[PDB]
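Asker: Residue numbers (this note's numbering): 36 to 91. Next up is a structure, given as structure tokens.
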Amino acid sequence: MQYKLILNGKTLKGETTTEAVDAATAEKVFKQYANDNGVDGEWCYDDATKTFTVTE
Ligand SMILES: *SCC1=CC(C)(C)N(O)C1(C)C
Numbered sequence: 036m037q038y039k040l041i042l043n044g045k046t047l048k049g050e051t052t053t054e055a056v057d058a059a060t061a062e063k064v065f066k067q068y069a070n071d072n073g074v075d076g077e078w079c080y081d082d083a084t085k086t087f088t089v090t091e
């Protein structure tokens, strides 16, 4: 299933999508993505929209 991540960073802005088994797995992918790009923010998840949001 497709989950979306919306990065509202101080330097990196945008959105992306990946296909994972569940929301628990999509997070780790999105958490790894953010770390590799030097993102430290506050995370939120909406299961009705399948959207992870990270804001610095
Ligand atoms: S999870 C981030 C968040 C929680 C809540 C208090 C419902 N909000 O309004 C935002 C989206 C900031």
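Backbone N, C-alpha and C define an ideal beta-carbon position, used for all residues, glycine too.
Any idea what DSSP makes of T46, helix, strand or coil?
Answerer: Correct three-state label for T46: coil.
Asker: Sort out for me which residues DSSP pairs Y38 with in a bridge.
Answerer: DSSP output for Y38 lists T53 as bridge partner(s).
Asker: Considering only the alpha carbon of each residue, which of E91, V89, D82, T90 lies closest to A59?
Answerer: It is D82 whose Cα lies nearest to the Cα of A59.
Asker: Using a threshold of 7 Å, state whether the C-beta atoms of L47 and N72 are closer than that.
Answerer: It is a contact, given that the beta carbons lie within the stated cut-off.
Asker: Thinking C-alpha only, which one of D57, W78, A55 is nearest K66?
Answerer: Nearest C-alpha to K66: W78.
Asker: Could you pull out every residue in the same chain whose Cβ sits closer than 8 Å to the Cβ of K39, ignoring the five residues on either side in sequence?
Answerer: Result list for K39: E50, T51, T52, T84, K85, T86, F87, in chain order.
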